C-alpha cells in the first residue's frame, strides 16, 4: 500500500484531483496540494461535457448546492454558427437519437424529412426557447432519465477551483501556498520531493503534476515527450472578453461556437455575464488583429473591458504517467475548446487514476494500460475536432481554404469516405473511449454538411409510418416542454 499523494498545482486540475481522491479513499490516503501564490490559474468562463454530473455526484454534491456558487449556467449543447452556409446554424445537443424499427431518426430523417437537429432532437426547441432543463419544482424535464438528456454546465473556472479547494481542505487535504523551485529525483529518476521557497521539501509516494501548460514535473523534470497536434489543428492562441449581459432573459442554456475569419469564437453564458473568446491560429491573424475582430463582434466601443490573451500548448504527452508522476490537466494534454473537453480530460484522467491506483509494487503493465487509455481519450477527440474543420463548407479566407486541404489524422479519410455514402455508427467512429458517442459524430457531419448522397436503401423497402409518427411525437413533446419549462435564467435565479 502507498501511504501519500503530492499534488503540484491549484487550478481546476489540482483541486478536482484532491477532492476526488478524498471522496474515493477518505482517510486511507494522505493528500497535500502545493500551489503558487503568484502564478495564476486559467480563470475564464468554461463549458463542460455530459460526464461532469458524475464527478459532482461522486463528491456527494447536488447541482443546487454547487452551481450557484460558481456563477453557473446550463449547457444543453453547442450551437454551431457560420461554419458552412453564411448565417446558417445548427445544434450539437446532449441527447441520444431515438430508434424506430432498427434505424435511428437521422437515418429516417434522410429518407422521410426543417433542419436535421430541429426534426430529431427535443433539445433543439429547448435551446431556441432558452428553457432550463428543470421545472421550477426541481424535476428533470425528461419526466436514469438523466442519461437520455445528459446536459452539462457553464461556470467560472476560478470559482469552481475555489469551491473545490474548500471541499478538499474540509476533508483533510494539506494546503501549501508556495512556489516549487526545484524537483528532486532519486537514483532511478523517480521524483523524491518538491523543494519550496518557504516550506522546505515536500515528499510523498505519488506526485500529480497539475502545473498547466508548463508541465513542471512531467516535461521539465522527467523529459516526457510532448506530441504537438499543430500539423492537423493549427489554432494556438486565444483572446477572451467578459461581457455583462444587459438583459437577464437573454441567458442562453448552451454554448455557441461561431466561425470567425481565422478561427472561431465561443460564447459561454454565465449567471450575470457572457464569456467570449476568439480561438485562432497566429499564422493567419495577429493577436492584435484578433482582439479587434473579437471586440467588433461582441463589444464594439467597450474599451473599459480588458482583453485576456493566452497561448495554448496543443497536443499531448506520449505518456502522462512516468515513474511516480502522473500529469492531470493541461500538463498532460490539451486541444482547443471547440467541444469543451478540458475538464472532461481532467475527470477521466482522475477516475482512471483511481482505477489504476498504484500499490507498493508499482505495476508497469497497469501503468501502461493507464497511458493507452489517456492517449486514446485525446486522440479520439483530436480526430473528432479535425472532422469539424473538414466538415466546414466555408472557403472565404485563407484560413478556411487552408483548413480544406490540411493533412488529417490516420483514419479520418476513411470516416469521410464512409460519411459520403452513409452514416457513421458505433463500429466506424473512433473505437476507443473518447467521451463522444455515435450521435455526436453523426450530428456534426449532418449539421456541417457531410451528408450521405442518398438515404439508406433498406428504408425504401420499409413502412415509413412509425418514423413519421415519431417525428410528430418529437414536435409535439417539444411544443409541450417549452410551454411548461421556466427560462434558463428563471430557474437559476430560483436556486441562488
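Residue numbers count along the first chain shown, from 1.
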Between residue 198 and residue 199, the number of deposited residues left without coordinates comes to none
Count of coordinate-less deposited residues separating residue 150 and residue 151, as none, 1 to 3, 4 to 9, or 10 or more?
-> none
Would 380 to 388 or 276 to 284 have the larger average of its C-alpha temperature factors, as given in the entry?
-> 276 to 284
Going by the average Cα B-factor in the PDB entry, point out whether 122 to 130 or 371 to 379 comes out higher.
-> 122 to 130
Of the choices 442, 458, 465, 429, which one's C-alpha carries the largest B-factor in the record?
-> 465
Go through 352, 331, 256, 296 one by one and give the residue whose Cα B-factor in the PDB entry is largest.
-> 296
Which third of the chain holds residue 449 when residues are ordered by C-alpha B factor: lowest, middle or highest?
-> middle
For residue 324, does the deposited CA B-factor place it in the lowest, middle or highest third of the chain?
-> lowest
Please place residue 138 in the lowest, middle or highest third of its chain by C-alpha B factor as given in the entry.
-> highest
Temperature factor at the Cα of residue 396, chain-ranked in thirds, falls in the highest
Name the third of the chain's ranked CA B-factors that contains residue 218, choosing lowest, middle or highest.
-> lowest
